[PDB]
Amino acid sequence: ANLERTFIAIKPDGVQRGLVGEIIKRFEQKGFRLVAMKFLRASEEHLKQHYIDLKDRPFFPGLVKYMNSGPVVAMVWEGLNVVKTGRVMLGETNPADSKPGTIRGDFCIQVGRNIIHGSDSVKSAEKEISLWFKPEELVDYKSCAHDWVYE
C-alpha cells in the first residue's frame, strides 16, 4: 500500500526564529514518516507558481517578497490522513484564531508571518509536491515503528 502525502514548508520566519527542529519533532512524534526534505531560497517565479491561485490578492506581491526573503525548509510527510491532520496541527491561517497546542498557536502572532505552510487538500499536495520535488527526491523506506502506529 501507498499512504497519503502532504507538502509542508517552514517559512523564512520559522528558520530565522530557530524553530526548524521544534516543528519537525512535532511531525515525528505524531508518527508521520518524512519522505523528502531540502533547504533552499525559492525564486519569485517559483513562489508565484506555488501561490498562483492567490495572484489576484492584495497581499500577494508582499507575500511572495517575504517567502523569497530567506530560505525555506521544504518537506513531504506521509501518513494516514496526513493532509487533514497536518492542517489541524498547524492551526488556522491566522495565528490569532489558532489554539495553544498548534504550531501557529504556540509560536506566532500575525497572519503575514505565520511560520509554516501545509497543503490544504490531497489535490493541492500532489501539485505542490510535484512543484517542489523531483520524483527521485522522494525516499521510500519503512519506519521500524510502523506496526505500532498502524493496525
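Counting begins at 1, following the sequence as shown.
Averaged over Cα atoms, the B-factor as recorded in the entry is higher for 124-132 than for the other of 124-132 and 18-26. Taking the mean C-alpha B-factor of each stretch as recorded, 136-144 and 7-15 are not equal, and the higher mean is that of 136-144. Which of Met67, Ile109, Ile116, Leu54 has the largest Cα B-factor in the deposited entry comes down to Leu54.
Per the deposited record, the Cα B-factor of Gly91 falls in the middle third when ranked against the other modelled residues of its chain. Per the PDB record, residue ranking by Cα B-factor puts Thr102 in the lowest third of the chain. When the modelled residues of the chain are ordered by their C-alpha B factor, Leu63 lands in the highest third.
Among all modelled residues in this chain, the alpha-carbon of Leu47 has a temperature factor (C-alpha) in the highest third.
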